[PDB]
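Peer 1: My structure is below; once you've seen it, I'll send some questions.
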Amino acid sequence: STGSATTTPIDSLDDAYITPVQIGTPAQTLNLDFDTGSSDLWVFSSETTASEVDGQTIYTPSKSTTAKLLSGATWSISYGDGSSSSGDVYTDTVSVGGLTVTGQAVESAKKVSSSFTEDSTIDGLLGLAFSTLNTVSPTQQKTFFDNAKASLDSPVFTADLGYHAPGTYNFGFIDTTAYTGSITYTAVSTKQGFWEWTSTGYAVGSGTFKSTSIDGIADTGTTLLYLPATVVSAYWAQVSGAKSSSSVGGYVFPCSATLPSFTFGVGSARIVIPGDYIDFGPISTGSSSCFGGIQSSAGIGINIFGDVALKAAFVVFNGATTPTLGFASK
């Protein structure tokens with residue numbers, strides 16, 4: 001089997017991407033944030049505290065003839081940005097882009113933190129990291145991909161995120177028309193439960209490539225590119241007037257600037273992030289100070305190849321017995 005679904009930016013900055021997911025019978029379609037940095041499929045629901053729902057579409061398990069309460073199971077998650085959610089668990093039929101899993105754990109939120117309430121466009125998350133990170137207790141549950149894998153034509157999924165435009169998540173096949181050149185594959189460590197890999201270096205603009213190992217995670221659920229402070233300083237030094245602002249919480253730059261590109265290495269291959277992808281717009285409405293899309297990972301404890309990086313590539317998440325990642329230009 002295969003599946004293919006379009007993923008759409010939630011706003012004009014590409015702060016996140018939403019993909020429609022069919023849950024239950026008859027189907028209830030919710031727009032979920034596909035997150036290769038976590039491993040829970042959780043949704044706003046008829047059980048979510050009413051004051052914590054503000055415009056999201058909810059899953060109502062009592063209206064699904066295939067929903068079954070997973071007796072005694074609870075979940076609770078906290079994300080790297082400080083947000084969190086928790087609740088109980090159903091199993092139900094879940095379909096993405098024509099690919100159907102029966103008996104998928106659907107984690108129904110009883111509580112969500114304010115950042116989720118305040119974002120009316122995201123109805124929940126669909127985790128695509130390794131199932132070892134799943135938070136369901138006392139019986140850990142499998143991700144959608146883990147449940148689908150054995151049925152897929154090939155045990156892979158691909159992320160093709162758009163810049164200021166929709167893109168595609170495919171399951172079970174590699175669309176050879178979706179990229180240019182070749183896909184360069186690179187080793188993955190699953191020891192922390194992430195799609196963790198080592199970039200071979202970077203360049204700023206037209207500058208020389210610096211060969212240096214940068215361990216980090218491929219994370220579709222993180223907006224920005226978080227790299228070591230040395231790398232980030234080297235980038236922003238090429239933007240007149242850019243500086244790190246402690247009060248804003250990162251590097252800012254004059255909105256009048258033209259940003260240089262940023263290149264990262266995948267083996268001997270190179271992925272070029274155009275400068276425009278690094279502009280996240282005014283820090284507050286009407287400001288002439290703009291927020292940068294490349295930020296320091298110092299204090300986060302891991303480097304994160306988030307959407308800023310991934311949207312410059314066609315990315316293969318190869319879930320074979322020994323997982324690997326693939327990157328192609330596009």
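All residue names refer to the structure tokens as shown: chains lettered A, B, ... in order, residues numbered from 1 in each chain, ligands numbered from 1 in order.
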Step one, run DSSP on the backbone; step two, keep only residues of stretch 197-235 of chain A assigned to strand (DSSP E or B); then write them as a PyMOL selection string.
Peer 2: chain A and resi 197-204+210-218+225-227
Peer 1: Within 6 Å of stretch 169-185 of chain A, which residues of stretch 142-161 of chain A come that close, and what is the closest atom pair and distance in Å for each? Count only C-alpha atoms and give it as JSON lines.
Peer 2:
```
{"residue": "A:152", "atom": "CA", "partner": "A:172", "partner_atom": "CA", "distance": 4.8}
{"residue": "A:153", "atom": "CA", "partner": "A:172", "partner_atom": "CA", "distance": 5.1}
{"residue": "A:154", "atom": "CA", "partner": "A:172", "partner_atom": "CA", "distance": 4.7}
{"residue": "A:155", "atom": "CA", "partner": "A:172", "partner_atom": "CA", "distance": 5.7}
{"residue": "A:156", "atom": "CA", "partner": "A:172", "partner_atom": "CA", "distance": 5.2}
{"residue": "A:157", "atom": "CA", "partner": "A:171", "partner_atom": "CA", "distance": 4.3}
{"residue": "A:158", "atom": "CA", "partner": "A:170", "partner_atom": "CA", "distance": 5.2}
{"residue": "A:159", "atom": "CA", "partner": "A:169", "partner_atom": "CA", "distance": 4.9}
```
Peer 1: Considering only C-alpha atoms, state which residue in the set A:115, A:131, A:295, A:168 is at the smallest distance from residue A:252.
Peer 2: A:295
Peer 1: If you run DSSP on the backbone, which residues of stretch 23-221 of chain A are helix (DSSP H, G or I), as a PyMOL selection string?
Peer 2: chain A and resi 50-52+61-63+114-117+131-133+144-151
Peer 1: Those same residues, written as a short mmCIF file (atom, residue, chain, number, x, y, z; two decimals), in the first residue's frame with C-alpha atoms?
Peer 2:
```cif
data_model
loop_
_atom_site.label_atom_id
_atom_site.label_comp_id
_atom_site.auth_asym_id
_atom_site.auth_seq_id
_atom_site.Cartn_x
_atom_site.Cartn_y
_atom_site.Cartn_z
CA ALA A 50 -14.12 23.43 26.91
CA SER A 51 -12.27 26.64 27.82
CA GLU A 52 -9.15 25.19 26.16
CA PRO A 61 -15.10 9.08 19.75
CA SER A 62 -18.72 8.41 20.73
CA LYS A 63 -19.72 9.20 17.12
CA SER A 114 -2.28 27.67 26.07
CA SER A 115 -0.17 27.66 22.91
CA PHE A 116 -2.33 24.88 21.46
CA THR A 117 -5.59 26.59 22.45
CA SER A 131 7.77 4.57 18.90
CA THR A 132 10.16 4.36 21.87
CA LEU A 133 9.20 8.01 22.57
CA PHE A 144 0.97 5.57 12.57
CA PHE A 145 4.06 4.83 10.48
CA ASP A 146 5.13 1.93 12.68
CA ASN A 147 1.64 0.42 12.37
CA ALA A 148 1.53 0.94 8.60
CA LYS A 149 5.11 -0.05 7.81
CA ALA A 150 4.66 -3.77 7.14
CA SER A 151 1.83 -3.07 4.68
#
```
Peer 1: Applying 6 Å and only C-alpha atoms, which residues near stretch 224-228 of chain A remain after dropping the ones on its own chain fewer than 3 positions away? List them as a ChimeraX atom specification.
Peer 2: /A:231,293-297,303-308
Peer 1: Could you check which of A:123, A:7, A:73, A:78 is closest to residue A:58, using only C-alpha atoms?
Peer 2: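 Closest candidate: A:123.
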Peer 1: Using only C-alpha atoms, what table do you get, as a Markdown table, when you list each residue of stretch 14-85 of chain A with an atom no more than 10 Å from stretch 189-209 of chain A, its nearest pair of atoms, and their distance in Å rounded to one decimal, rows by chain then rising number?
Peer 2:
```
| residue | atom | partner | partner_atom | distance |
| --- | --- | --- | --- | --- |
| A:36 | CA | A:195 | CA | 7.3 |
| A:37 | CA | A:194 | CA | 6.0 |
| A:38 | CA | A:194 | CA | 7.6 |
| A:39 | CA | A:193 | CA | 8.7 |
```
Peer 1: Given the choices A:45, A:80, A:98, A:129, which gets closest to residue A:223 if the distance is worked out from only C-alpha atoms?
Peer 2: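 Counting only C-alpha atoms, the residue closest to residue A:223 is A:80.
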Peer 1: Nearest residue to residue A:299 out of A:33, A:219, A:81, A:92, using only C-alpha atoms?
Peer 2: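 Smallest distance to residue A:299 is found for A:81.
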Peer 1: What's around residue A:120 at 7 Å? Count only C-alpha atoms, leave out sequence neighbours fewer than 3 positions away in its own chain, and write the answer as a list in words.
Peer 2: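 Everything that qualifies: residues 54, 55, 56 and 117 of chain A.
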Peer 1: Return the single residue from A:239, A:271, A:16, A:187 that is closest to residue A:309, with distances computed using only C-alpha atoms.
Peer 2: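 Ranked by minimum distance to residue A:309, first place goes to A:271.
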Peer 1: My list of candidates is A:5, A:105, A:257, A:94. Which is closest to residue A:41 when distances are computed with only C-alpha atoms?
Peer 2: A:105
Peer 1: Which residues are near residue A:10? Cut-off 12 Å, only C-alpha atoms, ignore same chain within fewer than 3 positions. Put them as a ChimeraX atom specification.
Peer 2: /A:7,13-19,31-33,119-123,162-166,223
Peer 1: Would you output that residue set with C-alpha atoms, as a short mmCIF file (atom, residue, chain, number, x, y, z; two decimals), in the first residue's frame?
Peer 2:
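Saved to again.cif:
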```cif
data_model
loop_
_atom_site.label_atom_id
_atom_site.label_comp_id
_atom_site.auth_asym_id
_atom_site.auth_seq_id
_atom_site.Cartn_x
_atom_site.Cartn_y
_atom_site.Cartn_z
CA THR A 7 0.50 19.46 3.71
CA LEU A 13 5.34 32.52 7.55
CA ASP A 14 5.22 28.70 7.32
CA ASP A 15 5.13 28.52 11.12
CA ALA A 16 3.84 24.95 10.82
CA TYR A 17 2.17 22.67 8.30
CA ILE A 18 -1.16 20.87 8.61
CA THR A 19 -2.19 17.65 6.88
CA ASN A 31 -5.85 18.81 10.41
CA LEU A 32 -2.79 17.49 12.21
CA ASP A 33 0.79 18.71 12.53
CA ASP A 119 -3.64 28.15 17.50
CA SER A 120 -7.01 27.43 15.94
CA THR A 121 -5.44 25.89 12.81
CA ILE A 122 -3.86 22.80 14.44
CA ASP A 123 -6.25 20.07 15.62
CA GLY A 162 6.85 23.95 0.48
CA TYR A 163 8.19 27.46 0.93
CA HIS A 164 5.13 29.66 1.34
CA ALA A 165 3.20 26.93 -0.49
CA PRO A 166 1.71 23.46 0.06
CA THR A 223 9.71 25.72 12.58
#
```
Peer 1: Residues near stretch 247-251 of chain A, anyone? I mean within 7 Å using only C-alpha atoms, not counting same-chain ones fewer than 4 positions away, as a ChimeraX atom specification.
Peer 2: /A:242-243,291-292,295
Peer 1: Suppose you want the space between atom CA of residue A:278 and atom CA of residue A:77; what is it in Å?
Peer 2: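 One can read the atom CA of residue A:278 to atom CA of residue A:77 distance as 29.0 Å.
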